[PDB]
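Two forms of the same protein chain are encoded below as structure tokens; each is given separately, as structure 1 and structure 2.
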Structure 1
């Protein structure tokens, strides 16, 4: 067994290098040549807030078993993940690093690293996917606390103590670092924002929300305080091991690449725990745009299967909003969910309505009866209030997908509305400008209907359609059926 600085990086990495003239993105979907140039313990900037760097961290904390699964990872990135753990963590808090080789082409990627201090390697004899691989790691873990990291991460200064501090104080907290960005093209390490929380739209894909101005203002007195989050990104977190077991580990029938972040986030919150992001903990991650590995089912199909298994167990009736966003998912078989349902009963978990009200209240819920919603698009332009209020005209600007003045709905009452204002046909004469006015179900001047395969908007009871030909010289107008609009 070898201390990490004595490990021969050039020998380990140097056979598997990108051959002369070959594509350096093909194997990993990140730039391997740029990854292989880096020292295994290369210096990275300290991206922590000033206050973190002055804190003296407790070290009288429970040790962790670090679980890292991988499938055909680049040797340089995997080595670097392992050494960042060993170098940046107090030695007594690392019980072991468990490498779960998820059926990589070459078993030596993992096995050669077993010589390094504290490294244990477990090889799956067939492809199992990250969820089952993580559970195999967890089952083998000797320490009281689990830490999970992707196989292309780089820990920063004092990344570990702030995470362990939280779960040592309360074992029902599941906690994550702020995840810095390691650029997939040049491998520069870049400090992420600390003002984010995790979330999702009704398609159930993970996304980052900025905190509201109100939330940020409340933290002004302690800007590095834990941030409660509705959802974790999923690959980097610390959890009490016995808590992970009692809550049901992960759903063993999810495959490859999930979905599992969604499932465990709902399960922890609904069943009495919490999720946090810990600003003083920084860990970099190679974010990429494409998967470099195979999916037997999907990737489209496996992602939908996994997501289904989460939705059908945890979301109650609100699953129907997911299917409203992704109707193709209804045709995807998802298998037996019985033991997951029995798990939910056994734990006494709160309903999803509770989760929406108490954990993710800012997620906008179409408690209906909306016919359509979102932006109203014409080419690259979008319907826009122009910041106007009642009795003002309306126009177009380039679609920005930020919502706000380009957010609209087509209601059950057949009105096209923004907030409590509605597009109003103030004058039926062709070429007349339309105006924004307070919505009244009554006002027949406010009623609109989609036509021609949801490609246009006609004013109900007329031969007038919404028309942009006047947009830059007065505003949107009503014209005899620039008339193309799609939600």
Structure 2
């Protein structure tokens, strides 16, 4: 009813400003003062590859319904998301923007935006969470294609057409932009490395994976080609509405946040579709370090419950590696999953092993006889080869979750192994540095065991424990076992 350029942003953002002298970060866990300083239609740099500019699209691409859910979003960030969609998308391709107000404190945050051309607002009468909110919006959608965006995004130049083009050609493709970064402190818009894609460790927490050298070379081979990915980097994506419905929408028993990216990614791939990152599509996102809202039930309980529902439906026996990483999750009730199991059966989906082999072969799987596996953690540091080889010392280094020099297993033979190298007690005198040496089956100097509720690592047949107190002076040592912070070590997976 007002065209977006005529929407009064100053009146809208005005009453909800951070008070003079008060904390810019409190409400949103990003700097709202900096968000509020920006125009709703602020220019952002074109981060697309130059080759993206040489593309033309048919006018008959399918229109989309854009579903944005929010709970206590900053007005300036919510408005700028909406305006970026309206400004940067050919209007015929925007059937509607459905804002799902997930029981925000002030209903006017959403209601006032309903006066803008294309924008319709649905308000939940209680907190429903992003999964159920997204389903409500998708159910209300008139278009043939769904687009989901977070409520603190900024769409870039020709972001939409490349996504719609993929899905129009094959409805089983679920497609995402490259996600650019809107800095949570100063709101600068910048690009990250396009050699990163979505992934996860066995704790089922999303992380960014660095592409392999061959994947990177392929990417330089065609920097505009769609990139297959094992895991949607949540939750900015485009999906054919009928395919969304046919595949089972979202699991309605998932709450708040977390797990749903895992669940839909497993379901899409195992059940015959694909996930892509589309480099010529760029959307900025305000990444933050803490959630600004509460999780009814507890953020730890909610995340575990959602994640268990995904694991129990999709992962087959590999769910046991999740429980090895997160043993506390075995205690968290997750509710009835029969409707999802029936869905899996109806759709004739492949086993999780097929997903690992064909979609995410980069995820390292433990050996069937390993005792423990993954990273060996002390605080925020990890056991690390430091790039050393046989005869070299080992150290601690900030955990990066990228595997590599931080990949270990405690083997059936009780060795602590990286590739062909094993932690070796070359000198049993307390205070001595340990060394990497080639693994040898019956070498007593290479045998270790978890002790004290899997919180320390003792050299078998001794009273010597692994100790980082020597890290400054040259590497990790064996030391008389004692009640020392520097002797705490825990494998990420205990099998």
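Positions refer to the first chain, counted from 1. Just so we're on the same page, rigid core means the largest C-alpha set that superposes within 1.5 Å between forms.
Asker: So one rigid chunk twists against the other between structure 1 and structure 2 - which of 367, 60, 453, 220 is right at the hinge?
Answerer: It is 367 that lies at the hinge between structure 1 and structure 2.
Asker: Once the larger parts are superposed on C-alpha atoms, what angle in degrees does the smaller rigid part turn through between structure 1 and structure 2?
Answerer: Rigid-part rotation, C-alpha based: 21 degrees.
Asker: Look at the Cα of residue 472 between structure 1 and structure 2 with the rigid core superposed and state its shift in Å.
Answerer: Value for residue 472 between structure 1 and structure 2: 9.9 Å of C-alpha shift.
Asker: Keeping the rigid core superposed, can you check how far the CA atom of residue 460 moves between structure 1 and structure 2, in angstrom?
Answerer: For residue 460, the C-alpha ends up 5.1 Å from its position in the other form.
Asker: How many angstrom apart are the two C-alpha positions of residue 213 between structure 1 and structure 2, if you fit on the rigid core?
Answerer: So the C-alpha of residue 213 has moved 1.1 Å between structure 1 and structure 2.
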